[PDB]
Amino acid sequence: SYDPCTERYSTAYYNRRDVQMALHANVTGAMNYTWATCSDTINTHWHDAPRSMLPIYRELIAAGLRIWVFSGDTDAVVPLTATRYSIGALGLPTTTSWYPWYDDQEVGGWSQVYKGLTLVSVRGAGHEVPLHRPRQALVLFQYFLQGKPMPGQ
(Lines of atoms letter the chains of each structure in order from A and count residues from 1; the text may use other names and numbers.)
(Lines give C-alpha, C1' and ligand atoms only; values in the text may rest on other atoms or scores of the structure.)
Protein backbone atom coordinates (compact mmCIF):
# COMPACT_ATOMS: atom_id res chain seq x y z
CA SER A 1 0.00 0.00 0.00
CA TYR A 2 2.56 2.72 1.08
CA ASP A 3 4.46 3.79 -2.01
CA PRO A 4 7.68 5.65 -1.66
CA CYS A 5 7.89 6.84 -5.31
CA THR A 6 5.20 9.45 -5.07
CA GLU A 7 7.39 12.35 -6.07
CA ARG A 8 8.03 10.56 -9.29
CA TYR A 9 4.35 10.48 -10.12
CA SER A 10 3.68 14.05 -9.22
CA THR A 11 6.49 15.27 -11.35
CA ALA A 12 5.06 13.44 -14.27
CA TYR A 13 1.59 14.62 -13.66
CA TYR A 14 2.28 18.26 -13.10
CA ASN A 15 4.44 18.45 -16.03
CA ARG A 16 1.32 17.57 -18.25
CA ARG A 17 -0.03 20.33 -20.50
CA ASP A 18 -3.53 19.29 -19.80
CA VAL A 19 -3.01 19.53 -16.03
CA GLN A 20 -1.49 22.92 -16.15
CA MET A 21 -4.32 24.00 -18.26
CA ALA A 22 -6.84 22.73 -15.84
CA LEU A 23 -5.00 24.39 -12.96
CA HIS A 24 -4.66 27.54 -14.83
CA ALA A 25 -0.98 27.36 -14.49
CA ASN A 26 2.02 28.34 -16.67
CA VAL A 27 -0.75 29.75 -18.73
CA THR A 28 1.27 31.57 -21.34
CA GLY A 29 3.82 28.69 -21.33
CA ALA A 30 6.55 31.26 -20.32
CA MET A 31 8.01 29.19 -17.37
CA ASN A 32 10.77 27.56 -19.28
CA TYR A 33 11.71 24.88 -17.07
CA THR A 34 10.18 21.77 -16.21
CA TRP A 35 8.07 21.69 -13.10
CA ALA A 36 9.98 20.18 -10.05
CA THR A 37 8.80 19.33 -6.49
CA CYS A 38 11.41 21.72 -5.18
CA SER A 39 13.80 24.30 -6.48
CA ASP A 40 17.32 23.39 -5.99
CA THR A 41 18.58 26.79 -6.69
CA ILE A 42 16.49 28.39 -4.16
CA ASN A 43 17.19 25.62 -1.80
CA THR A 44 20.88 26.27 -2.24
CA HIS A 45 20.80 29.99 -2.23
CA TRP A 46 18.91 30.76 0.88
CA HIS A 47 19.54 33.81 2.90
CA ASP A 48 18.19 35.05 6.20
CA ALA A 49 16.75 32.58 8.72
CA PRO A 50 16.66 33.45 12.41
CA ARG A 51 18.03 30.79 14.67
CA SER A 52 15.10 30.69 16.97
CA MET A 53 11.34 30.93 16.45
CA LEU A 54 10.91 30.95 20.23
CA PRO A 55 10.44 34.65 20.74
CA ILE A 56 7.63 34.53 18.17
CA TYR A 57 6.07 31.69 19.99
CA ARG A 58 6.35 33.75 23.11
CA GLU A 59 4.70 36.63 21.51
CA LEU A 60 1.86 34.72 19.96
CA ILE A 61 1.22 32.79 23.08
CA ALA A 62 0.93 36.07 24.86
CA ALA A 63 -1.32 37.24 22.12
CA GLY A 64 -3.43 34.30 23.06
CA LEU A 65 -3.40 32.46 19.73
CA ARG A 66 -3.89 28.69 19.46
CA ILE A 67 -0.53 26.93 19.04
CA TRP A 68 -0.06 23.28 18.29
CA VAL A 69 3.17 21.56 17.47
CA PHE A 70 3.30 17.99 16.20
CA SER A 71 5.83 15.35 15.27
CA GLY A 72 5.77 11.99 13.34
CA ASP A 73 7.99 9.96 15.67
CA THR A 74 9.81 7.90 13.03
CA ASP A 75 11.18 10.92 11.11
CA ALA A 76 14.92 11.33 11.39
CA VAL A 77 15.19 14.67 9.55
CA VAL A 78 13.57 16.94 12.20
CA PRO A 79 12.91 14.34 14.87
CA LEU A 80 10.71 14.31 17.92
CA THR A 81 13.58 14.81 20.33
CA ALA A 82 14.45 18.00 18.56
CA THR A 83 10.94 19.31 19.08
CA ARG A 84 10.91 18.15 22.66
CA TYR A 85 13.96 20.02 23.61
CA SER A 86 12.90 23.08 21.60
CA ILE A 87 9.46 23.36 23.23
CA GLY A 88 11.21 22.56 26.41
CA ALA A 89 13.19 25.77 26.03
CA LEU A 90 9.95 27.83 26.34
CA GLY A 91 9.73 26.69 29.84
CA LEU A 92 5.96 26.67 29.75
CA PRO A 93 4.04 25.11 32.61
CA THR A 94 2.26 21.87 32.02
CA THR A 95 -1.41 21.47 32.28
CA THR A 96 -1.69 17.84 31.20
CA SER A 97 1.33 15.71 31.29
CA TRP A 98 2.49 13.36 28.46
CA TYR A 99 -0.40 10.97 27.74
CA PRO A 100 -1.31 8.39 25.08
CA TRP A 101 -4.09 9.43 22.72
CA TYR A 102 -6.26 6.97 20.94
CA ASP A 103 -7.87 6.49 17.65
CA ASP A 104 -10.32 3.91 18.37
CA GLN A 105 -8.62 1.45 20.49
CA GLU A 106 -5.14 2.06 19.20
CA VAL A 107 -2.62 4.55 20.64
CA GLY A 108 -2.22 7.17 17.85
CA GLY A 109 0.68 8.86 19.59
CA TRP A 110 1.13 10.98 22.70
CA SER A 111 0.34 14.46 23.85
CA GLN A 112 1.28 17.03 26.43
CA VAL A 113 -0.67 20.19 27.14
CA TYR A 114 1.11 23.19 28.33
CA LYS A 115 -0.21 26.53 29.26
CA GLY A 116 -0.49 28.13 25.88
CA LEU A 117 0.56 25.26 23.56
CA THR A 118 -0.23 21.64 22.72
CA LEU A 119 2.39 19.15 21.71
CA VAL A 120 1.37 15.99 19.94
CA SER A 121 3.36 13.06 18.58
CA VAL A 122 2.05 10.77 15.85
CA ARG A 123 3.10 7.26 16.44
CA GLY A 124 5.00 5.51 13.68
CA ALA A 125 4.69 8.42 11.28
CA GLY A 126 7.73 9.83 9.36
CA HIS A 127 8.28 13.48 8.32
CA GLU A 128 5.18 13.65 6.20
CA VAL A 129 2.55 12.74 8.72
CA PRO A 130 -0.50 12.82 6.48
CA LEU A 131 1.37 10.46 4.13
CA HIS A 132 2.48 7.80 6.69
CA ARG A 133 -0.37 7.99 9.25
CA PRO A 134 -3.21 9.51 7.32
CA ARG A 135 -6.02 8.51 9.66
CA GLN A 136 -4.21 9.74 12.77
CA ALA A 137 -3.21 12.83 10.87
CA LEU A 138 -6.83 13.67 10.31
CA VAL A 139 -7.78 13.16 13.88
CA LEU A 140 -4.97 15.45 14.85
CA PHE A 141 -6.17 18.20 12.55
CA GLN A 142 -9.78 17.91 13.68
CA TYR A 143 -8.86 18.38 17.31
CA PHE A 144 -6.56 21.23 16.58
CA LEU A 145 -9.34 22.97 14.67
CA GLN A 146 -11.54 22.42 17.62
CA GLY A 147 -9.05 23.56 20.15
CA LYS A 148 -9.73 20.23 21.99
CA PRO A 149 -7.03 17.99 23.55
CA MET A 150 -6.23 14.80 21.82
CA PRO A 151 -8.52 12.09 23.10
CA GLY A 152 -7.91 9.38 25.82
CA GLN A 153 -9.53 5.82 25.07
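Each residue number is its position in the shown sequence, starting from 1.
- As listed in the deposited structure, the average C-alpha B-factor of 28 to 36 and of 97 to 105 is greater for 28 to 36.
- Note on 6 to 14 vs 133 to 141: mean CA B-factor is higher in 6 to 14.
- Residue-level inspection of the entry shows that, of 122, 67, 42, 53, 42 has the top Cα B-factor.
- Of all the options 49, 87, 113, 60, the entry's greatest CA B-factor is assigned to 49.
- In the deposited entry, the Cα temperature factor of residue 147 sits in the bottom third of values across the chain's modelled residues.
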